[PDB]
Amino acid sequence: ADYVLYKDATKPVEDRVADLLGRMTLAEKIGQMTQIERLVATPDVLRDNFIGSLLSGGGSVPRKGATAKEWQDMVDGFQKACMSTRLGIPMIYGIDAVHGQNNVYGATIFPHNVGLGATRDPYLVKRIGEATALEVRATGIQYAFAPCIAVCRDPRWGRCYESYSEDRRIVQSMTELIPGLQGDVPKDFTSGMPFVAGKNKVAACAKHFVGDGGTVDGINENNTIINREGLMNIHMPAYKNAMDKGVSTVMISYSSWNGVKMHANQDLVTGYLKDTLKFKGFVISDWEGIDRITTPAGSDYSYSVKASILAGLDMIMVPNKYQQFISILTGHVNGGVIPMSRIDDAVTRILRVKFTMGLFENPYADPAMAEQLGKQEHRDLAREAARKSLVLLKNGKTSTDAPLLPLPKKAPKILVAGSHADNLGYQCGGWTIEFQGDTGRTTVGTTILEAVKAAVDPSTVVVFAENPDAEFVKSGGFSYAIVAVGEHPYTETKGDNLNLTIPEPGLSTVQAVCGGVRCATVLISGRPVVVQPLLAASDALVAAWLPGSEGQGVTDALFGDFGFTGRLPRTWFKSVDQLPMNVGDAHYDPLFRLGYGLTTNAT
Ligand SMILES: OC[C@H]1O[C@@H](S[C@@H]2[C@@H](O)[C@H](O)O[C@H](CO)[C@H]2O)[C@H](O)[C@@H](O)[C@@H]1O
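Right under this line is the structure:
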């Protein structure tokens, strides 16, 4: 009697989309296009404004320490409001699950993308995508703002750790995260269509379109000083591979191409991504991306709305001032400035993702999935990934020396030292707990010190000293030392030291330690950093990047349970005065070339 085609799960997605679109008011349409922060959401807001999507920005959590069920209850409360509208269109909830479900207490934290590039293992990255989707679904969230497929062309960029590599081929290969997060696409799949397999997978997001990784100094306020190819060659290809793997959404960059803000760039968003690549999912803004079309940002929000929607963006991450957005856009459509065809295209795309992913069939969280969060099998995977990410840069001071690594697990006494030896926040880096990352024990995990204590023979005495002086080392009777130092957590605009030198004490600790006993230096960083003084001091040196919560991945290689296999995914500069300097540069003069890495064999 009361049949409604869009609510019929047996019907084809396109039919469901069209049936629903055809019923919607303009307010219902513009609501779909609006994404708001949970911090501004209430049930009445969500219902009254027919809101399409919610997000947690970095650090936007229901409480410090919240359990998976607490996250599920939050998301469900929001969903129940949305399902109570006239049409009952479920909202999609997005979050930066960029190295695991990293805003959430107790989530597995995977290595950041630069370390994953070092692994040269696209199947590992697929499996990480699979584990990440389960952990995101543990918390009731259906949508992850990953992968970042930036090709970072200058390591001074404060997001360079979110790029798999300066080499776009490695970036292309690591687009295998997408079918991990979303499921593998059907055999006969059409490139550009969105895909999510169902309730145990999440929608993905290739970001930030396009050229976010491009120069100038290093990348980071910009711009892309490059030209067409440049584009087509360096910054664009991985978006094609994302289309081939059915990425559901694409997020637009704050940056500009050829002097046109990407958030206003009709030629690339509509002409290229939609009309040439045949992208059929939805295009989302970045956070206040549209505001930033103007200078200063936010100084003509009317124009920001007009320019971004006519450029072809589908959903706007407002994320706070929803009233202004909805009002202005309504005014533009009522005025004829933005045609209903454009609104209908936006809403078609949003609904196509939602129907395709099963959201109308499973709008609510699965309580049985809660135990996926921090699940030990996922931690085992993260440990594998961290170990594979490590690049051995030095293993002996001279060609006559015994290799230091692998270290013996049995020794009378050993020293673990350095600012980064017992600091889980530093080992995870940015985008962890959140947004900027943080220091100390911010989540469940294993520091380098705890990993050493868990590895060594019971007879081995392990002594920790954060910053020991030279005498302490010389008098301790140590067999060897593991010293861990490096970068503090950061991002694009915060904590990003463009001299690329590690904070002190870091070098001074390595010098004090290595001056007294054979040492293995573990460098924790988002990128290559000035290294020669650390190399000169150290017997062995390992670039561990930002390995995440599973510090036993580091000890697994240090003590020879597995061999070192990681290879540099970036060029290691001799000097910052060289930069930018990437593989293929005219004057390519690296300290270590892209692909460099020493190996060991398992003991
Ligand atoms: O968290 C959602 C999106 O956020 C922006 S970064 C943004 C920053 O530009 C703004 O000034 O402040 C916000 C505070 O969290 C940041 O999210 C990021 O650029 C995206 O990668 C991300 O997915």
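Take the sequence shown: its position 525, counted from the start at 1, is 532 in this note's numbering, and no numbers get skipped. Where is the CB? At the ideal position from N, CA and C, for every residue including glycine.
Quiz item: Roughly how many angstroms separate the alpha carbons of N120 and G218, rounded to a whole number?
Solution: Sequence index remark: in the sequence shown, residue 120 carries index 113 (1-based). Sequence index remark: in the sequence shown, residue 218 carries index 211 (1-based). Looking at the two C-alpha atoms, the distance is approximately 17 Å.
Quiz item: When you compare only the Cα positions, how much space is there between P69 and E44?
Solution: The sequence position of residue 69 within the sequence shown is 62, counting from 1. The sequence position of residue 44 within the sequence shown is 37, counting from 1. Answer to the nearest angstrom: the Cα atoms are 12 Å apart.
Practice problem: Express the C-alpha separation of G205 and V492 in angstroms, rounding to a whole number. | Solution: Locating residue 492 in the sequence shown gives position 485, where the first residue counts as 1. Locating residue 205 in the sequence shown gives position 198, where the first residue counts as 1. Roughly 42 Å between the two C-alpha positions.
Quiz item: Between the beta-carbon of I455 and the beta-carbon of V561, is there less than 8 Å?
Solution: Position 448 of the sequence shown holds residue 455. Position 554 of the sequence shown holds residue 561. Cβ distance < 8 Å, so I455 and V561 count as in contact.
Quiz item: When DSSP builds the beta bridges, which residues end up paired with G493?
Solution: For the purposes of this step, residue 493 is taken as residue 486 along the sequence shown, with counting starting at 1. Its beta-bridge partners are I531.
Quiz prompt | Status (buried if at least 16 other CB within 10 Å, exposed otherwise) for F196 | solution = Translated into the one-based positions of the sequence shown, residue 196 becomes position 189. It is exposed - the Cβ of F196 has fewer than 16 other Cβ atoms within 10 Å.
Quiz item: For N506 versus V583, is the C-beta distance shorter than 8 Å?
Solution: Locating residue 506 in the sequence shown gives position 499, where the first residue counts as 1. Locating residue 583 in the sequence shown gives position 576, where the first residue counts as 1. Yes, the pair counts as a contact, with Cβ atoms nearer than the cut-off.
Quiz item: Taking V469 as the reference, which of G190, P419, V524, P587 has the closest Cα?
Solution: For the purposes of this step, residue 469 is taken as residue 462 along the sequence shown, with counting starting at 1. Taking only the C-alpha atoms, the option nearest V469 is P419.
Quiz prompt | Residue from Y112, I116, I102, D51 whose Cα sits closest to the Cα of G84 | solution = Counting from one through the sequence shown, the residue named residue 84 turns up at place 77. Ranking the options by Cα distance to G84, first place goes to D51.
Quiz item: For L575, which three-state DSSP category applies?
Solution: In the sequence shown, the residue the question calls residue 575 occupies position 568. Coil.
Quiz item: In three-state terms, what does DSSP make of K268?
Solution: Reading the sequence shown from its first residue, position 261 is the one you call residue 268. Note: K268 maps to strand in three-state DSSP.
Quiz prompt | Spatial distance of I156 from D103 (CA atoms) | solution = Position 149 of the sequence shown, counted from the first residue, corresponds to residue 156. Position 96 of the sequence shown, counted from the first residue, corresponds to residue 103. Rounded to whole angstroms, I156 to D103 spans 14 Å at the Cα level.
Quiz item: For chain D, is any of its Cβ atoms less than 8 Å away from the one on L505?
Solution: Absent from the structure is chain D; it holds one protein chain and no more.
Practice problem: In the DSSP assignment, find the unbroken alpha helix (DSSP H) run with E35 in it and report its ends. | Solution: Against the sequence shown, residue 35 aligns to sequence position 28. 33 to 39 is the span of the alpha helix (DSSP H), which, as asked, contains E35.
Self-check item: Cβ pair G187, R144 closer than 8 Å
Solution: Taking the sequence shown and counting its residues from 1, the one referred to as residue 187 is at position 180. Taking the sequence shown and counting its residues from 1, the one referred to as residue 144 is at position 137. Taking 8 Å as the Cβ cut-off, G187 and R144 do not qualify as a contacting pair.
Quiz item: Since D128 contacts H215 with CB under 8 Å, what's their CB separation in whole angstroms?
Solution: Taking the first residue of the sequence shown as 1, we reach residue 128 at position 121. Taking the first residue of the sequence shown as 1, we reach residue 215 at position 208. Contact flag wrong, Cβ pair sits at about 24 Å.
Practice problem: Assign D563 to buried or exposed, taking buried as 16 or more other Cβ atoms, counted over all protein chains shown, within 10 Å of its Cβ. | Solution: Here residue 563 corresponds to residue number 556 of the sequence shown, with the count starting at 1. Buried.
Quiz item: If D321 sits next to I291, beta carbons under 8 Å apart, how far is it from one beta carbon to the other, in whole angstroms?
Solution: One-based indexing of the sequence shown puts residue 321 at position 314. One-based indexing of the sequence shown puts residue 291 at position 284. Right, the Cβ-Cβ distance comes to about 7 Å (below 8 Å), so this counts as a contact.
Practice problem: With a 10 Å radius around its C-beta and 16 neighbouring C-beta atoms as the bar for buried, classify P413 as buried or exposed. | Solution: In the sequence shown, the residue the question calls residue 413 occupies position 406. With 16 or more Cβ atoms within 10 Å of its Cβ, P413 is classed as buried.
Quiz item: Would you call the CB atoms of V529 and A551 closer than 8 Å?
Solution: Numbered from its first residue, the sequence shown carries residue 529 at position 522. Numbered from its first residue, the sequence shown carries residue 551 at position 544. A contact, by the Cβ cut-off of 8 Å.
Quiz item: Beta carbon of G502: closer than 7 Å to some heavy atom of ligand 1?
Solution: As a first step, residue 502 must be located in the sequence shown, where it is residue number 495. The answer is no for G502.
Exercise. Would you kindly report the start and end of the unbroken alpha helix (DSSP H) that includes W78?
Key: Taking the first residue of the sequence shown as 1, we reach residue 78 at position 71. Where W78 is concerned, the enclosing alpha helix (DSSP H) stretches over 75 to 90.
Exercise. Measure the C-alpha to C-alpha separation of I177 and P576 and round it to an integer number of angstroms.
Key: Position 170 of the sequence shown, counted from the start, is the residue given in the question as residue 177. Position 569 of the sequence shown, counted from the start, is the residue given in the question as residue 576. Looking at the two C-alpha atoms, the distance is approximately 8 Å.
Exercise. Counting only the same chain and skipping the five closest in sequence on each side, list residues whose C-beta sits under 6 Å from that of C526.
Key: Against the sequence shown, residue 526 aligns to sequence position 519. For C526, where only same-chain residues beyond five positions count, the Cβ hits under 6 Å are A488, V490, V520, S545, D546.
Quiz item: Under the DSSP definition of a beta bridge, which residues are partnered with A550?
Solution: Translated into positions along the sequence shown, residue 550 becomes position 543. DSSP output for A550 lists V398, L530 as bridge partner(s).
Quiz item: Using a threshold of 7 Å, is the CB atom of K268 nearer than that to any non-hydrogen atom of ligand 1?
Solution: Here the question's residue 268 lines up with position 261 in the sequence shown. Flag unset: Cβ of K268 not near ligand 1.
Quiz prompt | Proximity test, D103 beta-carbon vs ligand 1 heavy atom, cut-off 7 Å | solution = Counting from one through the sequence shown, the residue named residue 103 turns up at place 96. Yes - ligand 1 has a heavy atom lying nearer than 7 Å to the Cβ of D103.
Practice problem: Could you work out which residue in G190, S311, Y279 is closest to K252 when comparing CA atoms only? | Solution: Your numbering for residue 252 matches position 245 in the sequence shown. For the residues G190, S311, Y279, the minimum Cα distance to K252 belongs to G190.
Quiz prompt | Whole-angstrom distance between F289 and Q330, CA atom to CA atom | solution = By 1-based counting over the sequence shown, the position of residue 330 is 323. By 1-based counting over the sequence shown, the position of residue 289 is 282. Straight-line Cα distance between these residues: approximately 22 Å.
Quiz prompt | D293 Cβ short of 7 Å to ligand 1 heavy atom set | solution = The residue given as residue 293 occupies position 286 in the sequence shown. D293: yes, Cβ under 7 Å from ligand 1.
Quiz prompt | Spatially closest choice to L514 from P535, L541, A16, by CA coordinates | solution = To locate residue 514, count along the sequence shown from 1; it is residue 507. Measuring from the Cα of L514, the nearest candidate turns out to be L541.
Quiz item: Just curious, the beta strand (DSSP E) that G101 is in, first and last residue?
Solution: One-based indexing of the sequence shown puts residue 101 at position 94. Counting along the chain, the beta strand (DSSP E) containing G101 begins and ends at 99 to 102.
Quiz item: How do the stretch 31 to 41 and the stretch 84 to 100 stand: do at least 3 beta-carbon pairs fall below 8 Å, yes or no?
Solution: yes
Self-check item: Pair within 8 Å by beta-carbon distance, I316 and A210
Solution: Within the sequence shown, residue 316 is the residue found at index 309, counting from 1. Within the sequence shown, residue 210 is the residue found at index 203, counting from 1. Not a contact, by the Cβ cut-off of 8 Å.
Quiz item: Are the beta-carbon atoms of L553 and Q383 separated by less than 8 Å?
Solution: Translated into the one-based positions of the sequence shown, residue 553 becomes position 546. Translated into the one-based positions of the sequence shown, residue 383 becomes position 376. Their beta carbons are not under 8 Å apart, which means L553 does not touch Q383 by this criterion.
Quiz item: Start and end of the alpha helix (DSSP H) containing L188?
Solution: Position 181 of the sequence shown holds residue 188. Per DSSP, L188 belongs to the alpha helix (DSSP H) from 184 to 189.
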